[PDB]
Number of protein chains: 2
Amino acid sequence: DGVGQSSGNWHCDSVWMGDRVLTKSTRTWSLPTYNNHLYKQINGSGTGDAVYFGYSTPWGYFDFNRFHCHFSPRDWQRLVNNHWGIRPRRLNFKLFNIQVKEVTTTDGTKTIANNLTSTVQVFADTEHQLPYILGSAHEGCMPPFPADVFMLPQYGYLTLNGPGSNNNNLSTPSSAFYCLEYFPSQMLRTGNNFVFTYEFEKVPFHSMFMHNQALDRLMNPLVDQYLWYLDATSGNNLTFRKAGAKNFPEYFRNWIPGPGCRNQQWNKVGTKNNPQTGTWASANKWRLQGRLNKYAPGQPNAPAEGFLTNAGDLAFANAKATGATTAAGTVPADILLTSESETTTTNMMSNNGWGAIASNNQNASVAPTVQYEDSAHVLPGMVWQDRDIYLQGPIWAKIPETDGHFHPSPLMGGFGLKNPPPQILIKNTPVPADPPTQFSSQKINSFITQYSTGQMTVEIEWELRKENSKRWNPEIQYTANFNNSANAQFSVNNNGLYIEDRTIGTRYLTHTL
Amino acid sequence: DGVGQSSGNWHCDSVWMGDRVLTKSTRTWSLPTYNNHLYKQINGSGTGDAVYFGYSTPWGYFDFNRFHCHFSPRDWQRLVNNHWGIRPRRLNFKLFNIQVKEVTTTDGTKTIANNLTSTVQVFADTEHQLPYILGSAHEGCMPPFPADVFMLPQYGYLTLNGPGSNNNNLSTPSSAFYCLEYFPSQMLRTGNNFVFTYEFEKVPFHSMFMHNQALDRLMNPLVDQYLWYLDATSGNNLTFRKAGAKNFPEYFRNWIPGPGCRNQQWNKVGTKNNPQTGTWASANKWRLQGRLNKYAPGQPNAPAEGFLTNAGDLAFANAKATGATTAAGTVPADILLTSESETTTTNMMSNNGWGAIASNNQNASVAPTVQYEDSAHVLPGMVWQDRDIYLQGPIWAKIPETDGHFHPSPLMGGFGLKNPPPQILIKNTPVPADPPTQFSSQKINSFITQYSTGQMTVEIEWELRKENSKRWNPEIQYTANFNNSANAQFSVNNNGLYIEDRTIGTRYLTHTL
């Protein structure tokens, strides 16, 4: 209460109790005033694959979505080595210690004061009535490292566009315009605070295990099958062979490898690659409304060893990389690659097609031939693994409401949700400057320049699956690198900059297929 | 309470429950100090049609009167397509988050500070003891779009004037002077807030329906009437004809079309019109106290198709039109016309007179003649429609207290009320500058320059009439335009300016006459 007493305390920790783990995190945020308190439509130019119609909004939004917001690199190691699965359960959100500050510029110098009576106004959208921009893997999340202070991103959305003469950017009768002040928000001065709770609906555990067997390798090698097939037509008579005696390709099997499609493969060594000034021409693409879009990422189809793909798998970067690009003779040291090769026991590899198939009918005078299938799709009796969740990856996504969807899991990995966590939106309440004495009906153009800052917290209850495995011998686990390095891993440098040295997937411990 | 905690929250929404609809709206307002805390009389000059005597007041007033303050264009569409009527019931008013700021000018620069101990003082006039300036369709209302910030208008009134020698502006012994500080107002610092409630007296629903039949067309076409009339005098004998056999003009009818008068009609095409540098000479006028006044708007008499009248019907403008005038070869794109043509089934059209009448007595040697009636008035057994309410139009008006009034509905459309919603008046309490040390009995000339701002809310409970109609075929309804446009309708542009593209009346669904 009041100006003098604080509205909250700092909670950042992790609590491991039985099969539950409970993470708490707090950060300090800074909110500017976007668009001078205005809504503005934004649109592209001309015809092309990138054309858009939308609205930029004088609001800002908290995004905690990404994993390592909630986990320290030790808690992640501790999590992925000991357990076969994780899913979220509950979350708890709070804002406190709001303080609003005003800026004044005399000549060329700034003087920042503190306005005690100014407010900010915040609301969460529980019914998902606004366009949902989370789960799209944007920037502007809580930083990895608790001592960083970050600036909240601006909120905006974009909507249907339409075919004008030379312009596909022309709005359509159904383009929606949402005013966020038509929501019943909550106005907060410096003393009072904001809170709400949320509960996840049941989802399946994410599998933290790598398989112990290939599909084609599921059998007893010591005894042959009782099934018979036609091996040899020669000699004007049919010859049936019995499946067995250590010839694996011939066995009958109940299950078949998962779906996928080929993807162009680019060697990590730079000298062997073909010198293309862009990879857009060679990418896998899908098209919607007459315009083509890169297909990324595909199904978790691993490439060949020593190769990679164009946006086929996720990739990250350090804090050392600023700007839009980096380059090196091999994959740059700032780039953090991910690899799905743990899934090659079930999922299809990207370096060649799915299989062959019968090309033609035969007779005595024509030879049988076969043709190769480059792509595959879902068939009955077929199994696959979903893409892995990383420490730097997104936690969830919103399943779009549609008349149908198949295996609704995000292609970037995550937990697909019908009712995801509500977006949280915040704004600085506009304070006008001194009005004129004579009345004028026009809008107020000029306001008092001000910004706000405070602290937030996120507390998520995670459910996790125990690991019971009777394998004798030891398993691969995540360990720190063994070299003496100038900078300790997952730690600041001399200049004070926090650095993630590499991505960490959750699949180490094995499991029988 | 206190400086640190907020006095309210943001409520803007709409709730449709059964036959009630409940709208909430909030805006941010800015109040200057008018007239340097002084009352001033204001008066015209010389003799003429515009002459006045009145007082300008150091007060300001909230006006929510106009419709679209309370309804979004989707809520309006949703309202007018589904329902046959609407009337208000209750309203609830609040002010909160008051904050007062002081201005200081050193050399040529302004520095705005925040005075925590300053007050504003507000009251509502429940007994209607002040002159009532609402319902006169002035500016200074809540903006349509919730993100706009507006400045409160100044309060003032004007009173009886009198015939001086060359001056009709001379005050009269009965000219009233009202001091608004002689009211028991309420003084509010930044922490405390203001509220009151109000309840409308029973009024008839506004009819949202267009008629399904003309008056003259009410009958069964398949059977003739049993009534007889004199068709033909020729042949030295009287000939009675029986009304029927599909001759409609001859039928007897119980009801007759509504009152009105002719009005000069101006084609929308500019080339066909007569080049008058003003329309005042040609307007319909009524005169009071020897001075002439335009008669606007008249009774809802529709003009011809493709024609309009001089202030015969309401007209609005965009936010794009600033200044006192706009011009184009046809009706400008900023001007928003309204049309009463939905009422032509009952009400009289403006393009010609009401009917004919017998000119003279006859004999064998003189022919019967008739003369044309340009104007009409109220007669027994006559029916009419009242002017429609638009989205941009005024909601109510105060029926002036008089010994008689007929069909008291506002000629601009609305709900005439004996006891309308109370005016709300607000002022910055004057704070004097440093007084001299030696006593002086004169008034304090110099004050501390300051202004105030805050938020308001208006919550109105609307009652509405269900629609039960058994007509087979579909009906006209309000729909968005079908063209792809550069800017979506009822939405901001690139520059951030909200635009109403056209007026919307409430009459779409039909009803039997």
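Residues numbered from 1 in each chain as written, not as in the entry; some residues may be left out. Chains lettered and ligands numbered in written order. Part of a larger assembly, values for the part shown. Heavy atoms only, no water.

Peer 1: Please give an account of the overall build of chain A that cites residues and values.
Peer 2: Helices and strands together make up the secondary structure of chain A, namely one helix and 32 strands. With the principal axes as the frame, chain A shows a C-alpha extent of 110 × 65 × 45 Å. The proportion of buried residues among the 513 residues of chain A is 41%. Here chain A displays about 27,600 Å² of accessible surface, and carbon together with sulfur accounts for 51% of that area. Positive and negative side-chain charges of chain A, numbering 39 and 38 respectively, have mean locations separated by a distance of 3 Å. (Helix = DSSP H or I, 4+ residues; strand = E, 2+ residues; numbered from the N terminus. Buried < 20%, exposed > 50% of the residue type's maximum accessible area, 1.4 Å probe, protein only. Areas by Shrake-Rupley, 256 points an atom, 1.4 Å probe, with all protein chains shown as cover. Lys, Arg positive; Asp, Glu negative; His and termini not counted. Charge placed at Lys NZ, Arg CZ, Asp CG, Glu CD.)

Peer 1: Tell me about the relation of the copies chain A and chain B, and please be specific about residues and values.
Peer 2: Turning chain A through 72° and shifting it by 0.0 Å along the axis lays it on chain B, with an RMSD of 0.0 Å. When the rotation and shift are considered jointly, the pair of chain copies conforms to a five-fold rotation axis. Taking C-alpha positions as the reference, the residue of chain A nearest the rotation axis is A:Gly2, at 5.6 Å. Different-surface contact between copies: only 5% of interface residues of chain A are shared with the interface of chain B. (Least-squares fit on C-alpha atoms. Contact = heavy atoms within 4.5 Å.)

Peer 1: Can you explain the side chain of B:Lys101? Please cite residues and give values.
Peer 2: Along the chain, B:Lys101 turns up in strand β5 (residues 85-106). Look at B:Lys101: it is buried, it has no salt bridge, and the nearest opposite charge is A:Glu102 at 6.7 Å. (Salt bridge = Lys/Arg side-chain N within 4 Å of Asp/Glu carboxyl O.)

Peer 1: Can you break down helix α1 (residues 73-82) of chain B residue by residue, with the values?
Peer 2: Along α1(B), the residues classified as buried are B:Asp75, B:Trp76, B:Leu79, B:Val80 and B:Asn81. Contacts from the buried residues of α1(B) go to β1 (13-17) and β5 of chain B.

Peer 1: Describe the interface of chain A and chain B, listing the residues and the values that go with them.
Peer 2: With 55 residues of chain A at the contact, the number on the chain B side is 62 residues. Buried surface at the junction of chain A and chain B, summed over both partners, amounts to about 4,600 Å²; 56% is from carbon and sulfur atoms. One salt bridge in this structure joins B:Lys110 and A:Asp434, with 2.8 Å as the shortest N-O distance. Counting the contacts that link chain A with chain B gives 26 residue pairs in polar contact. Of all elements in the fold, only β3 (40-43), β4 (53-62), β11 (170-171) and β12 (186-188) of chain A reach the threshold of two or more residues within the side of chain A that touches chain B. Take the side of chain A that touches chain B: its biggest share by element is three residues, from β3(A). (Buried area = accessible area lost by both parts, 1.4 Å probe. Polar contact = N/O pair within 3.5 Å; in protein donor to acceptor, adjacent residues only side chain to side chain.)

Peer 1: Can you tell me about the packing of aromatic side chains, naming the residues and giving the values?
Peer 2: Per the counting criterion, the structure on display carries 56 aromatic pairs over all chains. When the centroid spacing of 5.4 Å and the interplanar angle of 90° are considered together, the rings of B:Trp29 and B:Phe62 count as edge-to-face. In this pair, B:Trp29 is assigned in strand β2 (residues 20-31) and B:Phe62 in strand β4 (residues 53-62), connecting sequence segments 33 residues apart. As far as the burial class goes, B:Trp29 and B:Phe62 line up, both buried. Taken together, the ring pairs in this structure connect A:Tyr39, A:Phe53, A:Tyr55, A:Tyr61, A:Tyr155, A:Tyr157, A:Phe177, A:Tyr178, B:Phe145 and B:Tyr498 into an aromatic cluster. Over the ring of A:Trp280 we find A:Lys285, and its NZ or CZ is 5.3 Å from the ring centre. Above the face of the B:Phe205 ring, B:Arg87 is positioned so that its terminal group lies 4.2 Å from the ring centre. (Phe/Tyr/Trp six-rings, centres within 6.5 Å; stacked < 30°, edge-to-face > 60°. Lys NZ or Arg CZ within 6 Å of the ring centre and 35° of its normal.)

Peer 1: Residue-level account of the nonpolar core, with values.
Peer 2: In terms of nonpolar packing, the biggest core is built from 139 residues, with A:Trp29, A:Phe93, B:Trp29 and B:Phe93 touching the most fellow members. Dropping the residues within four chain positions of it, A:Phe93 is found in contact with A:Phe62, A:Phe64, A:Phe194, A:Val195, A:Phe196, A:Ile424, A:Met456, A:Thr457 and A:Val458. (Core = buried A, V, L, I, M, F, W, Y, C linked by side-chain atoms within 4.5 Å.)

Peer 1: Help me get a handle on a nonpolar patch on the surface, residues and values and all.
Peer 2: Residues and elements named next belong to chain A. Nonpolar side chains collect at one region of the surface, where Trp228, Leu230, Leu238 and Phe240 lie side by side and expose about 470 Å² of accessible area between them. Inspection of the secondary structure puts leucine 230 in strand β16 (residues 228-232). Its relative accessible area of 40% is what places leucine 230 among the partly exposed residues. (Patch = residues over 30% accessible without salt bridge, like charges linked within 9 Å, V, L, I, M, F, W, Y side chains within 5 Å.)

Peer 1: Lay out the pattern of salt bridges in plain terms, naming residues and giving numbers.
Peer 2: Side chains bearing opposite charge may pair, as long as their charged atoms lie close to each other. For the structure on display, the rule yields 34 salt bridges over all chains. Across the pair B:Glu463 and B:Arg87 runs a salt bridge whose closest N-O atoms are separated by 2.8 Å. Placement of B:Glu463 in strand β29 (residues 450-465) and of B:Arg87 in strand β5 is noted, with a sequence separation of 376 residues between them. Summarising the burial analysis for this pair, B:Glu463 and B:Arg87 share the class buried. Across the pair B:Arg471 and B:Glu475 runs a salt bridge whose closest N-O atoms are separated by 3.7 Å. Look at B:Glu475 and you get partly exposed, because its relative accessible area is 23%. Linked by salt bridges that have partners in common, A:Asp19, A:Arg20, A:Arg87, A:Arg89, A:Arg90, A:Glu199, A:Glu461 and A:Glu463 make up one network.

Peer 1: So what's going on with the side chain of B:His70? Which residues, and what values?
Peer 2: Residues and elements named next belong to chain B. Position of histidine 70 among the secondary structure elements: in the loop between β4 and α1. Owing to a relative accessible area of 3%, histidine 70 belongs among the buried residues under this scheme. Separated by 2.9 Å, the side chain of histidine 70 and the backbone oxygen of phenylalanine 64 make a polar contact.

Peer 1: Quick one: what's the story with the environment of B:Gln225, residue by residue and with numbers?
Peer 2: Residues and elements named next belong to chain B. For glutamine 225, the location among the structural elements is in the loop between β15 (210-211) and β16 (228-232). Between the C-alpha atoms of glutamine 225 and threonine 453, which are 228 residues apart in sequence, the distance is 71 Å. In this view, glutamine 225 contacts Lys242, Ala243, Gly244, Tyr251 and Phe252; residues no more than four positions away in its chain are not counted.

Peer 1: I'd love a proper account of unusual backbone geometry, names of residues and values included.
Peer 2: Following A:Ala296, the chain continues to A:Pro297 via a peptide bond in cis, the omega torsion being -25°. Of note, B:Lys246 is a non-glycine position whose phi angle comes to about 55°, a positive value. Structurally, B:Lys246 is set in the loop between β17 (239-242) and β18 (265-267).

Peer 1: Let's hear about the pairing of β17(B): which residues, and what values?
Peer 2: Residues and elements named next belong to chain B. Here β16 runs beside β17; their pairing, made up of four bridges, is antiparallel. Note that in β17 the partner of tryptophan 228 across the bridge is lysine 242. Hairpin connection from β16 to β17: six residues lie between these consecutive antiparallel strands, with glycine 235 at a positive phi of about 90°. (Pairing = 2+ DSSP bridges.)

Peer 1: If you had to explain the state of the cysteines to someone new, which residues and values would you point to?
Peer 2: All names here are of chain A. Tallied over the full model, the rule gives zero disulfides over all chains. The structure places no disulfide on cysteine 69, whose sulfur is separated from the nearest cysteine sulfur, that of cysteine 141, by 5.3 Å. Classification of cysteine 141 as buried rests on a relative accessible area of 12%. (Disulfide = S-S within 2.5 Å.)

Peer 1: Describe the pairing of strand β20 (residues 291-294) of chain A, and please don't skip the residues or the numbers.
Peer 2: All names here are of chain A. Bridge count between strand β19 (residues 285-288) and β20: four bridges; the pairing is antiparallel. From the neighbouring strand, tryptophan 286 faces β20, where its bridge partner is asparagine 293. Taken together, β19 and the strand that follows it, β20, pair antiparallel across an intervening segment of two residues, in which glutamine 289 is found at a positive phi of about 55°.

Peer 1: Could you give me a rundown of the environment of A:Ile448, with the residues and numbers involved?
Peer 2: Considering the arrangement of structural elements, one finds A:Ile448 in the loop between β28 (424-428) and β29 (450-465). We classify A:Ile448 as buried; its relative accessible area is 12%. Sequence separation between A:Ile448 and A:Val269 is 179 residues, and the spatial gap between their C-alpha atoms is 56 Å. Discounting residues that sit within four places of it in the chain, A:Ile448 has contacts with A:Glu102, A:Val431, A:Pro432, A:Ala433, B:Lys101, B:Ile112 and B:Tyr451.

Peer 1: An account of the environment of A:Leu227 is needed here, citing residue identities and associated values.
Peer 2: All names here are of chain A. Topologically, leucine 227 is positioned in the loop between β15 (210-211) and β16. Along the chain, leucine 227 and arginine 241 lie 14 residues apart, while their C-alpha atoms are 8.8 Å from each other. If sequence neighbours within four positions are ignored, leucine 227 has contacts with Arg241, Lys242, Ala243 and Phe252.

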